[PDB]
């Protein structure tokens, strides 16, 4: 990676600020800088050169000079050796343990996977599953496996009702060679912004995926969002595939393009795009794009017939899913 040291440095700082400082805006600032530097097509030679980039300011440029000069960052060296910091940071890696729970656990002497296992009874349901599959959830998923997973989900949804449409989004739709999880966007004609004409639309898919042993655990489930765990079937005498995270979002059919835009990401692309919408006087969520009135409140949903219409409203040249990465 061209400026890999720098963007690694920045990501670690973002994680510190998020996990340890609980400073969500410093976290976003560091990630924004990381992103802008990652896409910069020259080897950064100094902090002043990085300072020209939007999102990089005085403090980051200084750290960059230190990093370029010395190969390291004293502030991060101090963070790496601080037991409390590393422990809070480590615990947030379990799905369902965020910054607050991690600090509580560490304050109560819980600092290791070992400790979490002994105190399973202190963990909520999500956290217990996140602990169960700790090692598996940190493995990435080759695209080849994403393809078989896609094949399972789409065939099984089609067996529940031919009128469902399932689309795999996240990094998969962006053309990534590996993914962290599987993101499935689901629509059905009976569920639009005007009417839900059949209940259980999501539940029935989740249940069908449970019946064939594809979905193995449930982290959370409501009427429009499912978060859980799935697993590819393996063959005779083969090692099992790791268990994988799967998120299924049921979106109103008439709001598919806002939904697919949201679910295709990247997360940073969405934050940039939504922030650009605000500068142009709009707000975008997974459902709609709406104008912002003087007061600052959102008016009625604009018409949308493609992902591109959304870009057009905010005066951006279309970006294909593959170009929304990093």
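What we label the rigid core is the largest C-alpha set whose atoms superpose within 1.5 Å from one form to the other. Residue numbers count along the first chain shown, from 1.
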{"item": "Farther-lying stretch by C-alpha RMS in 8 other deposited structures of this protein (rigid core fit) among 48-56, 271-279", "value": "271-279"}
{"item": "Farther-lying stretch by C-alpha RMS in 8 other deposited structures of this protein (rigid core fit) among 73-81, 132-140", "value": "73-81"}
{"item": "Unmodelled in at least a third of other entries of this protein, residue 197", "value": "yes"}
{"item": "Stretch exceeding the other in mean C-alpha B-factor - 292-300, 268-276", "value": "292-300"}
{"item": "Higher-B stretch (mean Cα B-factor, as the entry records it), 87-95 or 73-81", "value": "73-81"}
{"item": "Criterion, highest CA B-factor; candidates, 217, 136, 115, 183", "value": "115"}
{"item": "Most elevated Cα B-factor in the entry, residues 245, 126, 174, 111", "value": "111"}
{"item": "Residue 213 - which third its CA temperature factor falls in, relative to the rest of the chain", "value": "middle"}
{"item": "Chain thirds of CA B-factor: placement of residue 306", "value": "highest"}
{"item": "Ranked against its chain, the third holding the CA B-factor of residue 234", "value": "highest"}
{"item": "Entry-reported Cα temperature factor of residue 13, expressed as the chain third it lands in", "value": "lowest"}
{"item": "Residue 258 - which third its CA temperature factor falls in, relative to the rest of the chain", "value": "lowest"}
